[PDB]
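# Observations on the three-dimensional arrangement
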Amino acid sequence: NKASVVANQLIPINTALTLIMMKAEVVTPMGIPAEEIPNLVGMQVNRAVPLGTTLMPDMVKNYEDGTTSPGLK
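Figured I'd write up the structure that's included with this text. (Residues numbered from 1 in each chain as written, not as in the entry; some residues may be left out. Heavy atoms only, no water.)

## Things to note about the side chain of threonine 54
Under the convention used in this document: For helices the rule is a DSSP run of H or I covering at least 4 residues; for strands it is a run of E covering at least 2, with both sets numbered from the N terminus onward. With a 1.4 Å probe rolled over the protein chains alone, any residue whose accessible area is under 20% of its type maximum counts as buried; one over 50% counts as exposed, and the rest are partly exposed. Contacts are residue-level and defined by heavy atoms, with any inter-residue pair within 4.5 Å sufficient.
Tracing the backbone shows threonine 54 in strand β3 (residues 53–54). Given the relative accessible area of 17%, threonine 54 is considered buried. In contact with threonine 54, other than residues within four places in its own chain, are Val5, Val6, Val27, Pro29 and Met59.

Given below as structure tokens:
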């Protein structure tokens, strides 16, 4: 039952999120976990995020802990 960060409050893009805007929920898919919690704090997404929106790799401009490919920044 690994909980995943699911945008609870409806937040658009270009809006740096923090801990209060990060709720670890157990829903599919797994989206982005909290491994980069202290690294995502202040991340701006590129796709509008509705309420309880599963964090996807498509709404992250500068991926912090993402060595899957975008490991340049």
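## Some thoughts on the sheet that holds strand β2 (residues 24–25)
So the rule is basically this: Only strands joined by at least two bridges in the DSSP assignment are considered to pair.
Taken together, the three strands give an open sheet; going across it, the order is β2-β1-β3, and neighbouring strands pair in antiparallel fashion. Two strands bound the open sheet, and with one partner strand each, they are β2 and β3.

## Let's talk about the pairing of strand β1 (residues 4–7)
Residues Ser4 and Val6 line one face of β1 and the alternating positions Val5 and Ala7 line the opposite face, and both faces are buried. With two bridges connecting them, β1 and β2 associate as antiparallel partners. Its bridge partner being in β2, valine 5 is matched across the sheet by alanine 24. Across two bridges, the pairing between β1 and β3 is antiparallel.

## A word on the side chain of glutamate 36
The condition is simple: All tallies of charge rest on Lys and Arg as positive and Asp and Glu as negative; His and the ends of each chain are not included. A pairing counts as a salt bridge when a side-chain nitrogen of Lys or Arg comes within 4 Å of a carboxyl oxygen of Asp or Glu. Any pair of N or O atoms that falls within 3.5 Å is considered a polar contact. Within protein, one atom must be able to donate a hydrogen and the other to accept it, and sequence-neighbouring residues count only if both atoms are side-chain atoms.
Topologically, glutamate 36 is positioned in the loop between β2 and α1 (37–40). Within the buried set, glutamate 36 has no salt-bridge partner at all; the shortest N-O distance to an opposite charge, 11 Å, is to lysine 2. A distance of 3.5 Å separates a polar atom in the side chain of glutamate 36 from the backbone nitrogen of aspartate 65.

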